[PDB]
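Colleague: One structure is given below, represented as structure tokens, and several questions about it will come after.
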Amino acid sequence: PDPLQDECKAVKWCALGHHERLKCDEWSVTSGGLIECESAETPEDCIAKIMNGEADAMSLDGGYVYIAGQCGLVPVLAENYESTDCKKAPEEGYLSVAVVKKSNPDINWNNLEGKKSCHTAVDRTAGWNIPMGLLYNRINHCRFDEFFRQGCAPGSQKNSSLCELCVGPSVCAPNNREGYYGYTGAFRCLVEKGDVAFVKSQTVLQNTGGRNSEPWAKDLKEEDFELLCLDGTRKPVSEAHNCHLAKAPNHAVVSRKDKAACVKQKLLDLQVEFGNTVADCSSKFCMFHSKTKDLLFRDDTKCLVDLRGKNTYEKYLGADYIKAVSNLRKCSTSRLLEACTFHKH
Amino acid sequence: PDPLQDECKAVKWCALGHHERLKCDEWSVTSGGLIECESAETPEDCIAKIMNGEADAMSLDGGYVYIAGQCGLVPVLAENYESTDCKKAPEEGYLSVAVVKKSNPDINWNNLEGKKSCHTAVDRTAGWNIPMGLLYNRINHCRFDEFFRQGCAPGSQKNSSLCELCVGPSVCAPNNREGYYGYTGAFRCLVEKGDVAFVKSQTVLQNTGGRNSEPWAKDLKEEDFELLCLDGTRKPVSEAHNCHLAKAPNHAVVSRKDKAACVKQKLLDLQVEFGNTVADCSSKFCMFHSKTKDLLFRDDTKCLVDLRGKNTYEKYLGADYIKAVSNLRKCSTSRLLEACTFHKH
Amino acid sequence: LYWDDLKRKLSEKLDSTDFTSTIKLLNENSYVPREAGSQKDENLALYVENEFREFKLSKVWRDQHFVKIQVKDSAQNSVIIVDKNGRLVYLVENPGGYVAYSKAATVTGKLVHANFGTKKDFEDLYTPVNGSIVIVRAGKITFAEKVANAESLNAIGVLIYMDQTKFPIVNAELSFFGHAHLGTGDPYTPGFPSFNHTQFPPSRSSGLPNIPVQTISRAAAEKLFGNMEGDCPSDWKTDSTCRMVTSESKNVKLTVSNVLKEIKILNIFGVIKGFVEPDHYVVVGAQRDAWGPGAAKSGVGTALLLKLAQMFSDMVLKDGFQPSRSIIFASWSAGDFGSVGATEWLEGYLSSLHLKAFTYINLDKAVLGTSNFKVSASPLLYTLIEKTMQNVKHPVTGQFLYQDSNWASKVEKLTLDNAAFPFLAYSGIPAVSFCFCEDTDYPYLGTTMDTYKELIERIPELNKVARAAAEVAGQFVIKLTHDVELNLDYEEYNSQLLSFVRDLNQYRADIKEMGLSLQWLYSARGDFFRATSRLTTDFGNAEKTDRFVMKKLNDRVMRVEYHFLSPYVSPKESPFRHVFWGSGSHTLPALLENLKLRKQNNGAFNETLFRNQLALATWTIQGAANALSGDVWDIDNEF
Amino acid sequence: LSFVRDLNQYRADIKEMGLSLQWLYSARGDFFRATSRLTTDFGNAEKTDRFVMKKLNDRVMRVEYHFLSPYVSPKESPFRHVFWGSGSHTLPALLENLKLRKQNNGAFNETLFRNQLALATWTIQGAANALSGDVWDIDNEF
Amino acid sequence: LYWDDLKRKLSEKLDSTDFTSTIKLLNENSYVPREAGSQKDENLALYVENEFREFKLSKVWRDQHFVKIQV
Amino acid sequence: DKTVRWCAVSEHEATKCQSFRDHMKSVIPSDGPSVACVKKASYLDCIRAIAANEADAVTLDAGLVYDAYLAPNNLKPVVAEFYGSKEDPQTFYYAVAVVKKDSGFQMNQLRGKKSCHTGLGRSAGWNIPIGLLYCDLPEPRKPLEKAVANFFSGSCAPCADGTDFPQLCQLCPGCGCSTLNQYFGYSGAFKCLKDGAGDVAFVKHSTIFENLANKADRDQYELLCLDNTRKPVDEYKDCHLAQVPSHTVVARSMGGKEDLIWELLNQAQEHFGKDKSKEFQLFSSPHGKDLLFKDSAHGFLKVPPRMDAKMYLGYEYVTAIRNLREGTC
Ligand SMILES: [Fe+3]
Ligand SMILES: [Fe+3]
Ligand SMILES: [Fe+3]
């Protein structure tokens with residue numbers, strides 16, 4: 001590395017499963033190789049690839065951003081959902097709610113013990129960290145798979161209760177090959193087998209009113225669902241604002257310190273030709289648009305915004321979130337996190 | 001080998017080079033698998049195969065019969081050349097002569113030192129043992145490749161003088177892939193490059209008078225050649241009887257003691273349908289007839305006759321022959337013979 | 001442990017295993033009409049899958065596939081006697097079963113009776129089939145072939161029935177299921193695997209009939225003959241009742257309406273990782289689907305597959321058995337349609353399976369009687385079959401399977417209708433396939449009568465018999481793994497090759513009229529012999545301790561079988577490339593078969609075809625040699 | 001990947017035709033893993049176990065050869081290499097035919113493409129199953 | 001030995017080898033119009049063959065072939 | 001219940017192993033785990049033996065843990081040593097470079113000096129210091145052994161090939177890979193310096209305290225810090241080359257008896273850990289230092305389920321090892 005210059009030739013992206021891979025390839029061709037694609041079957045494996053430079057960048061939910069940070073990666077750019085003005089600071093975060101069927105008269109916050117649950121995935125913010133930590137502070141033990149009777153929390157142990165509702169070909173995988181994986185998957189899970197789904201507040205709207213055209217969701221109505229409020233009551237979905245579990249930091253892009261800058265710049269640039277601005281997404285390529293749901297980025301992603309000094313995972317996620325995930329540390333089952341916390345320096 | 005019976009299902013024959021192999025195959029098919037074919041590139045290798053039961057039988061010139069015997073094989077049946085009555089005892093042997101061109105006025109028995117020689121192969125009776133041993137008793141050393149100036153004695157060291165006249169694709173091999181190999185090859189060698197050929201007495205006749213139709217021999221005349229008599233004179237070829245080096249035991253079939261009987265019986269039987277009796281050899285199969293020259297048996301072979309008690313190589317070859325080959329023991333270069341004489345019992 | 005140990009252990013384990021129970025269990029209504037790609041099918045599939053898991057054996061997975069199968073359309077298929085107009089008598093019958101992949105059509109005309117599906121041979125009879133429906137007995141050959149020949153002679157429609165002599169079934173109102181595909185597996189994915197129907201959906205005729213084929217009940221056959229003038233010959237090792245041709249006064253009309261139906265085949269695997277060459281397997285398969293309850297066609301097999309997998313896993317964990325090479329059991333599906341399941345799997349490793357699987361055993365139809373013990377395999381497994389038949393004692397007779405009076409045992413060639421055939425003729429994997437067969441083939445075989453009852457009613461000690469079958473199958477596995485040296489008879493091919501050269505020399509005359517030298521062939525045959533002689537030597541000089549030098553040799557052995565597949569013909573065109581056991585003009589036998597025609601002085605002999613046949617068949621063998629060693633760079637530079 | 005990319009520029013045409021083009025990605029991936037294992041097994045193996053190394057180098061030695069279409073006869077089309085060969089089996093040849101689709105004329109042989117893609121897929125697929133995946137590639141789901 | 005060694009060695013060996021001479025030698029009328037399957041051809045062939053033998057390298061052989069050329 | 005076949009490297013370890021076997025017999029019930037001892041000549045033979053089912057366990061320095069993980073061995077770490085105190089267990093230690101007082105050279109002036117290493121491929125004795133000097137080595141740097149042999153003017157690098165790299169065994173002829181070589185290991189590498197055979201010893205922060213009881217004897221030595229200064233030996237926390245992971249016991253990936261290994265060691269530390277018994281000590285011996293386990297260990301911790309060597313060692317350390325092996329400057 002004598003007086004050298006320019007390692008920022010191309011950015012290698014880490015993609016889960018098949019679909020994210022396809023989307024990445026497409027993004028590759030069209031960029032003229034500014035974006036390179038590596039793949040893995042799990043989020044943790046993707047973070048590992050980036051740790052050891054087998055890849056450079058991926059976008060992640062806050063919960064996984066925590067793991068990534070304990071493993072030495074840094075946040076580079078945040079996903080902003082509220083505005084199309086990409087110069088805005090990162091939002092304070094999205095709303096995390098608990099959703100049930102209006103059909104079901106008895107379920108409430110203080111009633112979960114025994115019911116059937118649906119989660120985006122283990123270790124995600126809205127699907128796990130927020131709700132599980134708030135329940136933990138109530139039951140003061142960690143056998144969540146004994147609190148709920150049954151569930152689908154992708155990334156859980158293949159043979160616990162919490163995998164009994166899953167379906168996707170790869171049963172219970174923390175990726176798209178599990179049907180009930182993600183914000184959408186957890187909603188469907190609710191529609192079809194669970195009593196409660198833990199997801200983001202915009203989820204019901206994005207999947208009712210024919211906005212989602214899959215057989216299972218085409219005729220669904222926003223009015224068929226309610227939210228669980230912490231105080232025990234129930235409210236319409238249009239009331240998340242006054243009936244949510246907590247705020248959740250936006251998903252963020254991570255890399256290694258060595259390559260953060262490179263990564264930034266190429267993303268900010270690529271956004272100029274492939275972000276919100278693209279009027280039609282079936283003609284030209286769209287980063288924030290996904291053939292399926294939420295590939296590489298959240299489909300409701302508007303802008304990738306600079307972090308304005310919150311260049312550290314403790315800084316970006318914020319105290320409150322850190323404090324909450326830490327309280328749940330004792331229940332982790334993340335093999336990558338134990339790995340990243342072995343060395344004593 | 002509890003009280004068992006009948007190992008004489010089929011006899012496996014060892015064949016040199018390509019041609020002998022072809023002939024063997026042909027003999028196989030037609031027998032309905034009574035004869036099986038194994039192959040090797042040298043006589044010694046064939047004897048080795050039989051020693052260690054990789055094959056069972058092959059026919060051999062007296063010189064090689066000696067080696068075979070020192071290596072523990074036994075003679076089973078002899079090739080008879082003089083009569084078609086296969087119940088006759090084995091002949092006393094064929095005549096071994098030295099032949100030159102009438103063209104050449106100066107060569108004689110007492111003149112060989114310096115000339116160019118042609119030999120059937122090293123270790124054969126007419127091509128080597130008889131003539132070399134009789135010369136040895138004169139020069140009392142073993143550098144025959146320094147007595148003759150140059151030669152073709154197949155089976156000799158690739159880079160001695162004695163390989164300098166050879167031609168066959170495989171230069172100097174002790175098989176058919178050397179052109180100047182055998183009774184015929186040595187004659188041609190004489191015709192084309194040598195001054196003396198050591199062969200059997202019937203050789204000139206079998207290859208002159210259009211009896212041999214190859215380009216090199218079609219116009220040759222018996223009268224173009226003479227024999228060297230031990231007393232220094234020269235005589236026409238029709239005079240071998242009074243102008244030969246010595247008698248040579250007939251070629252004989254060898255096997256191991258275990259399988260001698262089997263071998264005999266199947267040969268005697270096969271002779272009934274495939275020996276002299278076959279009126280036409282292009283229609284039906286003939287043992288003693290060869291596409292080329294002398295494959296598996298000598299083409300002048302008439303009968304395979306029982307040995308009448310000479311079931312031992314010392315017994316069959318006879319004292320005189322043994323005494324002669326022994327005197328040459330010190331010049332052997334046979335790797336198989338040293339092998340067979342290593343053990344001290 | 002040593003062989004005796006494994007032999008002794010495997011025996012007592014076999015001494016305490018109820019095969020009859022499982023053969024029955026695989027008969028409960030839970031999975032009885034387990035047709036290909038049916039629910040029952042899928043039921044047993046998951047049963048096996050779990051059982052394997054329960055057996056605690058290593059990795060075990062599923063193999064999904066979407067192939068086009070043919071089924072009986074809602075419209076009824078039927079045979080009816082009718083003159084040059086309308087049906088006078090009655091609709092012979094509305095067949096209860098059908099011949100898959102049969103041409104979906106309907107035609108009428110004369111009705112000839114060519115004993116035993118023409119056999120291709122039998123077609124050389126008096127009455128011509130030049131444009132007329134034909135009747136044939138189920139026997140010597142496969143429907144596929146029966147039909148194929150019929151059509152090759154320009155016939156139309158073919159009826160297959162089970163006569164009384166050949167099929168001593170009391171009930172004559174019984175109907176059976178057919179195949180009709182002159183190949184193996186889905187008839188639209190030759191050499192390459194299949195997809196959806198939505199994607200790559202060709203119709204057919206890609207090696208399929210193009211002539212309606214219908215299975216007929218003996219009763220129906222009776223009636224047909226009833227309306228026939230001709231008289232059945234004694235040459236036909238049959239018995240009275242049948243005719244040769246329908247009575248001129250009138251003819252018959254065949255109407256078959258069948259439809260294709262995309263189903264989802266499910267192959268179930270499960271291996272037992274080895275300890276030294278963990279990546280060299282011994283595929284042990286067994287058809288799992290069936291038309292009727294197929295207790296024989298599919299029961300005994302899967303029964304053995306399971307019980308047999310149950311043992312080895314156990315032996316490995318509890319008894320200390322350390323297979324040097326991994327074992328991989330597999331229960332195929334959609335087998336009634338040409339091993340569609342197993343074949344499309346192979347289709348998947350078109351050029352690497354041989355690098356993985358070194359032998360394929362097959363348990364299908366393992367127990368069908370107690371008289372004979374037929375055995376079909378690749379010469380490479382000849383000595384194993386032999387030495388094993390010398391270790392296994394007949395279930396009924398207290399004596400050993402091997403006939404001590406011979407030195408040359410009888411081994412049969414694999415037929416187009418045996419899952420083992422594809423493994424050997426297409427994937428180049430040596431394969432064995434035993435059968436406690438009978439002089440007469442099981443009758444209830446392709447019919448709804450293949451029940452566990454009528455079976456055991458016809459084979460009282462079915463348990464002991466199945467046990468034996470499970471034993472010879474077991475030893476094969478122990479043997480193909482126990483030792484470090486891969487024990488395959490690569491020598492037997494020298495003979496197999498010489499035999500060819502011999503038979504070919506019987507035409508040296510014809511070979512001469514043509515400028516052909518036929519010299520290059522001997523060279524190959526020889527260039528190959530040496531190759532084997534070195535391998536056969538290198539082994540002896542190598543130590544069963546140098547995992548490296550041994551691996552380098554065993555791999556050479558593992559190449560032998562595969563390399564006899566003509567590398568000059570495309571799998572997509574002619575899937576069975578094996579010059580010795582395949583099918584096509586590349587076939588070694590096919591060469592002579594064309595040359596024989598030379599003498600007939602007619603045009604039947606295609607000279608240009610021969611010229612190549614020989615030419616390539618030579619380089620095929622030649623290559624087989626250069627690939628089997630010769631220390632690499634074979635130096636027979638002279639010639 | 002470059003191939004897959006250039007091929008996605010016709011995803012439109014690929015769509016007019018019932019083609020799913022999904023099996024190709026699977027192969028391309030089923031192959032990627034294959035190389036990732038090999039690339040791993042090497043690191044974990046010691047340059048002292050002549051055996052485990054030989055078993056690996058052999059796999060590497062298969063890589064190039066296995067990209068030769070095992071569905072075309074050498075006697076007919078000798079340059080079988082899907083990447084550098086010459087013939088309709090050629091990977092480049094596939095796109096080259098598809099390009100003609102847009103020309104709305106008959107220049108595009110659809111049946112030819114269908115196969116081209118179909119086989120070119122299994123060619124790649126096979127290349128994968130041959131390059132390891134620890135043998136018996138277990139992506140049994142799909 | 002290590003790469004550097006082999007690299008360094010191979011270099012000095014390359015530092016002392018007259019390629020120009022041999023490029024010329026292969027121009028003497030002994031083998032000039034060395035057309036395919038010509039005598040000159042066969043001449044140089046045997047030259048290389050022997051040179052290899054002279055180089056004292058291990059096995060060295062010939063590869064015969066009869067192809068149809070156009071003239 | 002059942003037997004754990006411990007792999008002992010050479011005589012001294014073999015002696016301690018047999019005493020370990022005997023003492024556990026006297027305290028463990030008939031239904032508890034027991035030890036059997038298998039003696040080999042080197043750690044590498046212990047690694048093969050475990051893979052071949054000839055033994056079950058052996059404790060290795062973390063740099064050797066990487067090698068043990070590689071095929072065809074595939075051993076995994078199951079129990080880790082910890083240092084410090086039972087009160088604040090440390091699962092790491094410090095690699096230091098010890099030299100004599102006033103010898104007058106800094107870390108940037110090592111070329112031409114004589115070095116004492118604990119053993120080829122070990123964390124403190126080799127991986128860390130050679131990793132730090134790598135680009136100061138002359139090309140060609142492959143093979144590593146040769147560049148190292150040309151940088152220093154003689155070394156003792158136990159386990160290295162003295163036939164191929166004679167300068168590496170110049171201070172300990174033969175490069176013996178066990179305690180029969182008096183300059184082997186932490187204490188042997190220190191003895192190599194103290195005896196005056198070498199100028200620097202690449203050891204751990206506790207080595208000198210385990211070897212010199214008097215502060216006045218210890219005042220004769222110093223540490224080389226990375227900033228090209230020197231500090232006293234008490235000041236290792238601010239003058240060390242790196243922090244490295246603890247030594248760990250490894251076992252087979254299949255039929256490995258990891259449960260029994262933990263069971264045996266957990267009981268062993270309870271009966272025979274620091275200050276527990278007057279009869280036998282797991283972490284010391286009259287027969288030698290660091291036999292079977294390091295004398296500086298205070299106990300054991302069970303490694304988390306199915307953790308592989310790479311995860312155990314951590315990205316950093318694994319990266320360093322890799323970069324030594326191919327490595328580009
Ligand atoms: Fe989220
Ligand atoms: Fe003679
Ligand atoms: Fe250490």
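Ordering of the structure tokens sets the chain letters (A, B, ...), residue numbers begin anew at 1 in every chain, and ligands are numbered from 1 in the order given.
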Can you tell me which residues come within 6 Å of ligand 2 when counting only C-alpha atoms and all ligand atoms, ideally as a VMD selection string?
Modeller: chain B and resid 61 124 to 126
Colleague: Please list as a CSV table (one decimal) with N, CA and C atoms, in the first residue's frame every residue within 10 Å of stretch 23-26 of chain E, counting only C-alpha atoms and excluding residues in the same chain fewer than 5 positions away.
Modeller:
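File out_0.csv, as written:
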```csv
chain,number,residue,atom,x,y,z
E,18,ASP,N,21.3,-18.3,-25.4
E,18,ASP,CA,21.3,-17.6,-26.7
E,18,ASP,C,20.0,-18.1,-27.5
E,31,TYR,N,16.6,-27.4,-42.5
E,31,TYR,CA,15.1,-27.5,-42.3
E,31,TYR,C,14.5,-26.1,-42.5
E,32,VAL,N,14.5,-25.7,-43.8
E,32,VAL,CA,13.9,-24.4,-44.1
E,32,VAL,C,12.5,-24.5,-44.7
E,34,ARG,N,10.3,-26.2,-44.2
E,34,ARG,CA,9.7,-27.2,-43.4
E,34,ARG,C,8.2,-27.3,-43.5
E,44,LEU,N,13.7,-31.5,-38.6
E,44,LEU,CA,13.7,-30.7,-37.3
E,44,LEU,C,13.0,-31.6,-36.2
E,47,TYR,N,15.3,-33.6,-34.7
E,47,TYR,CA,16.3,-32.7,-34.0
E,47,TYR,C,15.8,-32.4,-32.6
```
Colleague: Any residue with an atom at most 10 Å from ligand 3 counts, using only C-alpha atoms and all ligand atoms. Which are they? Put them as a count of residues only.
Modeller: 27
Colleague: Counting only C-alpha atoms, which residues in chain D sit no more than 9 Å from chain F? For each one, give the nearest pair of atoms and the distance in Å, sorted by chain then residue number, as CSV.
Modeller:
```
residue,atom,partner,partner_atom,distance
D:41,CA,F:71,CA,7.1
D:42,CA,F:71,CA,8.1
D:43,CA,F:70,CA,7.1
D:44,CA,F:70,CA,3.6
D:45,CA,F:71,CA,3.9
D:46,CA,F:71,CA,6.3
D:49,CA,F:72,CA,7.4
D:51,CA,F:72,CA,8.9
D:52,CA,F:72,CA,6.5
```
Colleague: Mind writing the picked residues with N, CA and C atoms as a PDB file, in the first residue's frame?
Modeller:
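Now in part-v8.pdb:
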```
ATOM      1  N   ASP D  41     -12.613 -25.580   2.040  1.00  0.00           N
ATOM      2  CA  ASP D  41     -11.946 -26.853   2.300  1.00  0.00           C
ATOM      3  C   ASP D  41     -10.431 -26.718   2.161  1.00  0.00           C
ATOM      4  N   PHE D  42      -9.994 -25.970   1.151  1.00  0.00           N
ATOM      5  CA  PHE D  42      -8.570 -25.748   0.920  1.00  0.00           C
ATOM      6  C   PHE D  42      -7.934 -25.142   2.156  1.00  0.00           C
ATOM      7  N   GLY D  43      -8.452 -23.988   2.564  1.00  0.00           N
ATOM      8  CA  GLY D  43      -7.927 -23.303   3.727  1.00  0.00           C
ATOM      9  C   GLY D  43      -7.811 -24.182   4.951  1.00  0.00           C
ATOM     10  N   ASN D  44      -8.817 -25.024   5.175  1.00  0.00           N
ATOM     11  CA  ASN D  44      -8.829 -25.921   6.330  1.00  0.00           C
ATOM     12  C   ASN D  44      -7.957 -27.172   6.184  1.00  0.00           C
ATOM     13  N   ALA D  45      -7.539 -27.462   4.956  1.00  0.00           N
ATOM     14  CA  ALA D  45      -6.697 -28.619   4.702  1.00  0.00           C
ATOM     15  C   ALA D  45      -5.235 -28.203   4.845  1.00  0.00           C
ATOM     16  N   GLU D  46      -4.383 -29.156   5.227  1.00  0.00           N
ATOM     17  CA  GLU D  46      -2.955 -28.897   5.415  1.00  0.00           C
ATOM     18  C   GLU D  46      -2.146 -29.341   4.216  1.00  0.00           C
ATOM     19  N   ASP D  49      -1.161 -33.169   4.040  1.00  0.00           N
ATOM     20  CA  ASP D  49      -1.969 -34.361   3.804  1.00  0.00           C
ATOM     21  C   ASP D  49      -2.120 -34.580   2.304  1.00  0.00           C
ATOM     22  N   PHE D  51      -3.127 -36.609   0.688  1.00  0.00           N
ATOM     23  CA  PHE D  51      -4.440 -37.146   0.351  1.00  0.00           C
ATOM     24  C   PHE D  51      -5.563 -36.122   0.224  1.00  0.00           C
ATOM     25  N   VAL D  52      -5.819 -35.372   1.292  1.00  0.00           N
ATOM     26  CA  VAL D  52      -6.894 -34.376   1.275  1.00  0.00           C
ATOM     27  C   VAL D  52      -6.632 -33.291   0.250  1.00  0.00           C
TER      28      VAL D  52
END
```
Colleague: Which residues sit within 9 Å of ligand 1, counting only C-alpha atoms and all ligand atoms, listed as number ranges by chain?
Modeller: A: 60-63, 94, 96, 120, 124-127, 182-183, 199-200, 248-251, 298
Colleague: Could you save the residues just selected, with N, CA and C atoms, as a PDB file, in the first residue's frame?
Modeller:
```pdb
ATOM      1  N   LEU A  60     -29.642  -3.290   7.026  1.00  0.00           N
ATOM      2  CA  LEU A  60     -30.091  -4.098   8.144  1.00  0.00           C
ATOM      3  C   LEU A  60     -31.057  -3.454   9.137  1.00  0.00           C
ATOM      4  N   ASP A  61     -31.943  -4.263   9.683  1.00  0.00           N
ATOM      5  CA  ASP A  61     -32.810  -3.775  10.703  1.00  0.00           C
ATOM      6  C   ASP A  61     -31.931  -3.478  11.934  1.00  0.00           C
ATOM      7  N   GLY A  62     -32.388  -2.540  12.725  1.00  0.00           N
ATOM      8  CA  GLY A  62     -31.752  -2.132  13.924  1.00  0.00           C
ATOM      9  C   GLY A  62     -31.273  -3.242  14.791  1.00  0.00           C
ATOM     10  N   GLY A  63     -32.058  -4.293  14.935  1.00  0.00           N
ATOM     11  CA  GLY A  63     -31.636  -5.367  15.810  1.00  0.00           C
ATOM     12  C   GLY A  63     -30.340  -5.999  15.299  1.00  0.00           C
ATOM     13  N   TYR A  94     -39.158   4.241  13.225  1.00  0.00           N
ATOM     14  CA  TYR A  94     -40.467   3.740  12.973  1.00  0.00           C
ATOM     15  C   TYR A  94     -41.200   3.154  14.149  1.00  0.00           C
ATOM     16  N   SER A  96     -43.466   0.588  16.205  1.00  0.00           N
ATOM     17  CA  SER A  96     -43.503  -0.830  16.423  1.00  0.00           C
ATOM     18  C   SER A  96     -44.799  -1.231  17.118  1.00  0.00           C
ATOM     19  N   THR A 120     -41.352 -11.108  12.777  1.00  0.00           N
ATOM     20  CA  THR A 120     -40.630 -10.897  11.532  1.00  0.00           C
ATOM     21  C   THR A 120     -39.489 -11.905  11.424  1.00  0.00           C
ATOM     22  N   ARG A 124     -34.832  -9.149  15.212  1.00  0.00           N
ATOM     23  CA  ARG A 124     -35.292  -7.920  14.598  1.00  0.00           C
ATOM     24  C   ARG A 124     -35.978  -7.016  15.579  1.00  0.00           C
ATOM     25  N   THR A 125     -36.027  -5.743  15.284  1.00  0.00           N
ATOM     26  CA  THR A 125     -36.562  -4.812  16.254  1.00  0.00           C
ATOM     27  C   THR A 125     -38.055  -4.942  16.548  1.00  0.00           C
ATOM     28  N   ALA A 126     -38.866  -4.853  15.499  1.00  0.00           N
ATOM     29  CA  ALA A 126     -40.319  -4.872  15.707  1.00  0.00           C
ATOM     30  C   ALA A 126     -40.792  -6.301  15.951  1.00  0.00           C
ATOM     31  N   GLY A 127     -40.122  -7.264  15.341  1.00  0.00           N
ATOM     32  CA  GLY A 127     -40.565  -8.623  15.540  1.00  0.00           C
ATOM     33  C   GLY A 127     -40.116  -9.307  16.833  1.00  0.00           C
ATOM     34  N   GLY A 182     -40.265 -11.687   7.779  1.00  0.00           N
ATOM     35  CA  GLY A 182     -40.317 -10.256   7.499  1.00  0.00           C
ATOM     36  C   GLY A 182     -41.596  -9.587   7.949  1.00  0.00           C
ATOM     37  N   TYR A 183     -41.710  -8.286   7.675  1.00  0.00           N
ATOM     38  CA  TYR A 183     -42.909  -7.494   8.025  1.00  0.00           C
ATOM     39  C   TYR A 183     -44.239  -8.078   7.415  1.00  0.00           C
ATOM     40  N   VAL A 199     -44.911  -6.274  14.274  1.00  0.00           N
ATOM     41  CA  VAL A 199     -44.453  -5.715  13.013  1.00  0.00           C
ATOM     42  C   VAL A 199     -44.399  -4.268  13.118  1.00  0.00           C
ATOM     43  N   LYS A 200     -44.058  -3.612  12.031  1.00  0.00           N
ATOM     44  CA  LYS A 200     -44.039  -2.136  12.036  1.00  0.00           C
ATOM     45  C   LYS A 200     -45.448  -1.621  11.843  1.00  0.00           C
ATOM     46  N   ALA A 248     -38.417   2.457  17.034  1.00  0.00           N
ATOM     47  CA  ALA A 248     -37.446   1.565  16.509  1.00  0.00           C
ATOM     48  C   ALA A 248     -36.604   2.338  15.523  1.00  0.00           C
ATOM     49  N   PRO A 249     -35.289   2.305  15.708  1.00  0.00           N
ATOM     50  CA  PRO A 249     -34.394   3.044  14.815  1.00  0.00           C
ATOM     51  C   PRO A 249     -34.528   2.523  13.439  1.00  0.00           C
ATOM     52  N   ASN A 250     -34.390   3.377  12.440  1.00  0.00           N
ATOM     53  CA  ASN A 250     -34.530   2.956  11.065  1.00  0.00           C
ATOM     54  C   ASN A 250     -33.490   1.958  10.654  1.00  0.00           C
ATOM     55  N   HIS A 251     -33.783   1.183   9.625  1.00  0.00           N
ATOM     56  CA  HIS A 251     -32.798   0.237   9.142  1.00  0.00           C
ATOM     57  C   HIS A 251     -31.669   1.103   8.647  1.00  0.00           C
ATOM     58  N   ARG A 298     -35.858  -1.857   2.653  1.00  0.00           N
ATOM     59  CA  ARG A 298     -37.300  -1.805   2.878  1.00  0.00           C
ATOM     60  C   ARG A 298     -37.998  -1.039   1.697  1.00  0.00           C
TER      61      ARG A 298
END
```
Colleague: For stretch 549-556 of chain C, please output as a list in words all residues within 6 Å (counting only C-alpha atoms; exclusion window: fewer than 2 positions along the same chain).
Modeller: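 Selected residues are residues 486, 546, 547, 558, 559 and 628 of chain C.
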Colleague: Limited to C-alpha atoms, could you put the picked residues into a file as a compact mmCIF listing (two decimals), in the first residue's frame?
Modeller:
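Dumped everything to part00.txt:
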```txt
# COMPACT_ATOMS: atom_id res chain seq x y z
CA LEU C 486 -12.40 -50.83 -4.29
CA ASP C 546 -1.16 -45.03 1.89
CA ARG C 547 -4.62 -43.48 1.77
CA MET C 558 -14.14 -46.13 -10.63
CA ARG C 559 -13.58 -44.79 -14.16
CA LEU C 628 -7.76 -46.23 -17.43
```
Colleague: List the neighbours of residue B:335 out to 12 Å using only C-alpha atoms; skip same-chain residues closer than 4 positions along the sequence, and give me the result as a list in words.
Modeller: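 After dropping sequence-adjacent residues, the list is residues 42, 43, 44, 45, 47, 48, 67, 71, 123, 155, 156, 331, 339, 340, 341 and 342 of chain B.
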